[PDB]
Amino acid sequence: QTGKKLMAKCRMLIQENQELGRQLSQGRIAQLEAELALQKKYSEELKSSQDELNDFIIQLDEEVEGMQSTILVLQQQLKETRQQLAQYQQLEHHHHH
């Protein structure tokens, strides 16, 4: 009798849809939870490697400044040594008629 068989067919499809929809749902929750853990792990590694780079950038900044001062000090030392050398040469040349 078709009332009975249609009732059975309906129940069987409802059970399939309901079991399916629970799987889609549990699958989405598991995926979200896995992405969350992985994104948190990444943010820890990001924060740490930025700190390490930022410390080396500070040192590099200090060193670029030191090098610039060294060039400045050397230039002035060279200027003063060159003018003394020149004066001695001018005195010698003059002293040789």
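All residue numbers refer to positions in the sequence shown, first residue = 1.
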{"item": "Per the entry, higher mean C-alpha B factor between 15-23 and 72-80", "value": "15-23"}
{"item": "Third assignment of residue 38 from its chain's C-alpha B-factors", "value": "highest"}
{"item": "Position of residue 46 among the chain's modelled residues by C-alpha B-factor, lowest, middle or highest third", "value": "highest"}
{"item": "Residue 91 by Cα B-factor - lowest, middle or highest third of the modelled chain", "value": "lowest"}
